[PDB]
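> I am attaching a structure below and will ask some questions about it afterwards.
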Amino acid sequence: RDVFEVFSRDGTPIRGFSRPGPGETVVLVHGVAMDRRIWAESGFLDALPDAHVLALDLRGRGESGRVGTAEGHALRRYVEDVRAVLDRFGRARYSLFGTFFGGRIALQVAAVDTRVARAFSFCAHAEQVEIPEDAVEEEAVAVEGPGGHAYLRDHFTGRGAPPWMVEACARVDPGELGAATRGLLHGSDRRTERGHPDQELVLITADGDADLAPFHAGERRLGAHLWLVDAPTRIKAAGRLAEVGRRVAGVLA
Ligand SMILES: CC(C)[C@@H]1NC(=O)[C@@H]2CCCN2C(=O)C/N=C(\N[C@H](C(=O)N[C@@H](Cc2ccccc2)C(=O)N[C@H](CC(=O)O)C2=N[C@H](C(=O)O)CS2)C(C)C)[C@H](C(C)C)NC1=O
């Protein structure tokens, strides 16, 4: 692995790693309370034998620049972070894969960037969502204070998340957890669109997902393919991420 830095539109430095390979160029986008270490820890990275893998830390996470404001965590800024990585590696074709909100980011990048040949969204769909202001603010308060890491650790432990997902939360600055949560009130609720006709769009979720309807909506509206894994909930589906990586490898091959 080599490390890289690029700058987003708003000047935020975005840091990541590049794992060279002779195959397709894949860009990996982590979830909110995560960083780029999850790709190796989940076994997803090992499941892609040939790809040139680019894994970024989104703003405010990992080794990327701090933000600390709700507006600085607007979805459009994350999209800019990812597009800056596409610029650095200069390819005409990329395949994006994102987990949870990272999947939503990947879908939005696909909508706006014609260099995205494929986008895979794990446990996030493409449809418009309702984002209640009170629930957002309550969650932001719960994650940003002294007890915020413990709150998330307990939440994910009680819901059966894999250990790497439980542990990643404590690596995120609490102020960035709060600001990222509040960032949802700046555009995150709009549906995503297909970027161009030849793009391959894939949604993945738990077969037991309590809200599969919007995943089927994306099949109809975007021509996305839906992949299911054996799990009762989206959080538990994260235990299957390496297995999903093997199926991604089959597409890239
Ligand atoms: C419940 C709580 C622990 C959890 N909060 C987090 O984890 C982090 C901590 C800081 C904020 N965090 C967010 O996530 C932002 N908060 C939310 N987002 C919503 C959501 O529904 N997301 C979906 C994916 C999705 C996205 C876009 C479009 C479709 C689907 C989802 O499946 N979420 C599961 C939780 C579960 O299955 O019950 C997880 N998502 C985390 C991640 O993205 O990394 C890993 S687990 C809407 C508004 C996007 C809600 C709510 C308060 C607004 N709170 C959560 O989700």
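Identifiers for the structure tokens are assigned positionally: chains receive A, B, ... in sequence, residues are indexed from 1 per chain, and ligands are indexed from 1 in the order shown.
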Can you tell me, as a ChimeraX atom specification, which residues in range 30-167 of chain A count as strand (DSSP E) by DSSP?
/A:52-56,94-99,116-122
> Just asking: which residues within range 43-227 of chain A are alpha helix (DSSP H) according to DSSP, as an NGL selection string?
:A and (75-89 or 101-112 or 133-144 or 148-158 or 163-168 or 174-183 or 213-222)
> Excluding range 173-189 of chain A and its own-chain neighbours fewer than 4 positions away, which residues fall within 8 Å of it when counting only C-alpha atoms? Please give them as a ChimeraX atom specification.
/A:32-33,60-61,66-76,128-131,133,136-137,139-141,143-146,148-149
> Take the selection from the previous step and output its residues with C-alpha atoms, as a PDB file, in the first residue's frame.

ATOM      1  CA  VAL A  32     -20.374   7.470   9.180  1.00  0.00           C
ATOM      2  CA  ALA A  33     -18.762   6.157  12.384  1.00  0.00           C
ATOM      3  CA  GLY A  60     -13.479  14.382   9.587  1.00  0.00           C
ATOM      4  CA  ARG A  61     -12.697  10.660   9.864  1.00  0.00           C
ATOM      5  CA  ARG A  66     -11.306  18.130  10.257  1.00  0.00           C
ATOM      6  CA  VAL A  67     -14.614  19.823   9.505  1.00  0.00           C
ATOM      7  CA  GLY A  68     -16.526  20.434  12.722  1.00  0.00           C
ATOM      8  CA  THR A  69     -19.603  22.090  11.149  1.00  0.00           C
ATOM      9  CA  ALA A  70     -22.871  20.590  10.019  1.00  0.00           C
ATOM     10  CA  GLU A  71     -22.741  22.271   6.616  1.00  0.00           C
ATOM     11  CA  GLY A  72     -19.218  21.008   6.041  1.00  0.00           C
ATOM     12  CA  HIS A  73     -20.688  17.500   6.292  1.00  0.00           C
ATOM     13  CA  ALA A  74     -23.315  18.049   3.615  1.00  0.00           C
ATOM     14  CA  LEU A  75     -23.643  15.156   1.160  1.00  0.00           C
ATOM     15  CA  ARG A  76     -22.360  17.303  -1.702  1.00  0.00           C
ATOM     16  CA  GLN A 128     -35.869   9.868  -1.127  1.00  0.00           C
ATOM     17  CA  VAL A 129     -35.949   9.532   2.665  1.00  0.00           C
ATOM     18  CA  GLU A 130     -37.686  11.417   5.474  1.00  0.00           C
ATOM     19  CA  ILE A 131     -35.108  12.964   7.804  1.00  0.00           C
ATOM     20  CA  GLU A 133     -35.199  17.268  12.422  1.00  0.00           C
ATOM     21  CA  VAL A 136     -31.341  14.033  13.844  1.00  0.00           C
ATOM     22  CA  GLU A 137     -30.684  16.478  16.645  1.00  0.00           C
ATOM     23  CA  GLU A 139     -28.831  11.506  17.683  1.00  0.00           C
ATOM     24  CA  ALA A 140     -26.268  14.293  17.268  1.00  0.00           C
ATOM     25  CA  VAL A 141     -26.475  15.067  20.992  1.00  0.00           C
ATOM     26  CA  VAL A 143     -23.024  10.808  19.778  1.00  0.00           C
ATOM     27  CA  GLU A 144     -21.096  14.046  20.343  1.00  0.00           C
ATOM     28  CA  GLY A 145     -20.829  14.207  24.123  1.00  0.00           C
ATOM     29  CA  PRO A 146     -18.533  12.433  26.573  1.00  0.00           C
ATOM     30  CA  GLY A 148     -21.002   9.237  22.600  1.00  0.00           C
ATOM     31  CA  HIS A 149     -18.546   6.445  21.852  1.00  0.00           C
TER      32      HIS A 149
END
> Counting only C-alpha atoms and all ligand atoms, which residue out of A:227, A:151, A:122, A:100 sits closest to ligand 1?
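Closest to ligand 1, using only C-alpha atoms and all ligand atoms: A:100.
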> For ligand 1, which residue among A:134, A:80, A:57, A:2 is the nearest when counting only C-alpha atoms and all ligand atoms?
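Closest to ligand 1, using only C-alpha atoms and all ligand atoms: A:134.
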> Any idea what's packed within 6 Å of residue 44 in chain A, counting only C-alpha atoms, ignoring anything in its chain fewer than 2 positions away? Could you give it as a list in words?
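Near residue 44 in chain A, the qualifying residues are residues 39, 42, 46, 47, 241, 242 and 245 of chain A.
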> What is the CA of residue 108 in chain A-CA of residue 233 in chain A distance in Å, reported with one decimal?
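CA of residue 233 in chain A lies at a distance of 23.7 Å from CA of residue 108 in chain A.
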> Calculated over only C-alpha atoms, which of the candidates A:43, A:250, A:23, A:195 has the smallest distance to residue 109 in chain A?
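Answer, going by the shortest atom-to-atom distance: A:195.
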> Using only C-alpha atoms, which residues sit within 12 Å of residue 160 in chain A once same-chain residues fewer than 6 positions away are excluded, as a list in words?
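That gives residues 153, 154, 166, 231, 232, 233, 234, 235, 236, 237, 238 and 239 of chain A.
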> Only N, CA, C and O atoms, please: the residues just picked out, written as a JSON list (two decimals), in the first residue's frame.

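As a result, selection33.json now contains:
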[["chain", "number", "residue", "atom", "x", "y", "z"],
["A", 153, "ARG", "N", -21.09, 2.21, 20.78],
["A", 153, "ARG", "CA", -20.61, 0.86, 21.07],
["A", 153, "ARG", "C", -21.72, 0.00, 21.62],
["A", 153, "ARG", "O", -21.90, -1.15, 21.21],
["A", 154, "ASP", "N", -22.49, 0.52, 22.58],
["A", 154, "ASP", "CA", -23.57, -0.26, 23.16],
["A", 154, "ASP", "C", -24.67, -0.53, 22.14],
["A", 154, "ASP", "O", -25.22, -1.64, 22.09],
["A", 166, "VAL", "N", -18.12, -2.22, 15.79],
["A", 166, "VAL", "CA", -18.22, -1.68, 17.14],
["A", 166, "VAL", "C", -17.01, -0.81, 17.45],
["A", 166, "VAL", "O", -17.12, 0.32, 17.94],
["A", 231, "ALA", "N", -29.32, -12.31, 6.63],
["A", 231, "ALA", "CA", -29.22, -11.60, 7.89],
["A", 231, "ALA", "C", -30.58, -11.02, 8.24],
["A", 231, "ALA", "O", -31.34, -10.65, 7.34],
["A", 232, "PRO", "N", -30.92, -10.90, 9.52],
["A", 232, "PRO", "CA", -32.22, -10.33, 9.88],
["A", 232, "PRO", "C", -32.28, -8.82, 9.84],
["A", 232, "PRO", "O", -33.39, -8.27, 9.79],
["A", 233, "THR", "N", -31.14, -8.13, 9.85],
["A", 233, "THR", "CA", -31.10, -6.68, 9.92],
["A", 233, "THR", "C", -29.90, -6.20, 9.13],
["A", 233, "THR", "O", -28.95, -6.95, 8.87],
["A", 234, "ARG", "N", -29.91, -4.90, 8.79],
["A", 234, "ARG", "CA", -28.78, -4.31, 8.09],
["A", 234, "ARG", "C", -27.51, -4.34, 8.92],
["A", 234, "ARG", "O", -26.42, -4.59, 8.39],
["A", 235, "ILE", "N", -27.61, -4.06, 10.21],
["A", 235, "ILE", "CA", -26.41, -4.09, 11.04],
["A", 235, "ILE", "C", -25.79, -5.48, 11.01],
["A", 235, "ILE", "O", -24.58, -5.63, 10.87],
["A", 236, "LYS", "N", -26.62, -6.52, 11.15],
["A", 236, "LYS", "CA", -26.09, -7.88, 11.13],
["A", 236, "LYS", "C", -25.58, -8.26, 9.75],
["A", 236, "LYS", "O", -24.66, -9.07, 9.64],
["A", 237, "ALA", "N", -26.13, -7.67, 8.70],
["A", 237, "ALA", "CA", -25.62, -7.94, 7.37],
["A", 237, "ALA", "C", -24.16, -7.54, 7.23],
["A", 237, "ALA", "O", -23.46, -8.10, 6.39],
["A", 238, "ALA", "N", -23.68, -6.60, 8.05],
["A", 238, "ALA", "CA", -22.28, -6.21, 7.98],
["A", 238, "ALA", "C", -21.35, -7.38, 8.29],
["A", 238, "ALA", "O", -20.20, -7.35, 7.88],
["A", 239, "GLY", "N", -21.84, -8.41, 8.99],
["A", 239, "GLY", "CA", -21.07, -9.62, 9.19],
["A", 239, "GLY", "C", -20.79, -10.38, 7.92],
["A", 239, "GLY", "O", -19.94, -11.27, 7.93]]
> Quick one: of A:38, A:135, A:27, A:86, who's nearest to ligand 1, counting only C-alpha atoms and all ligand atoms?
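Checking each candidate against ligand 1, we get A:135 as the closest.
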> Taking into account only C-alpha atoms, which residue in the set A:35, A:41, A:117, A:89 is nearest to residue 102 in chain A?
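Counting only C-alpha atoms, the residue closest to residue 102 in chain A is A:35.
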> From the set A:125, A:240, A:246, A:213, which residue has the shortest atom-to-atom contact distance to residue 201 in chain A, counting only C-alpha atoms?
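Of the candidates, the smallest distance to residue 201 in chain A is held by A:125.
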> How many Å separate atom 39 (C, counted along the ligand's line) of ligand 1 from CA of residue 87 in chain A?
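For atom 39 (C, counted along the ligand's line) of ligand 1 relative to CA of residue 87 in chain A, the distance reads 28.8 Å.
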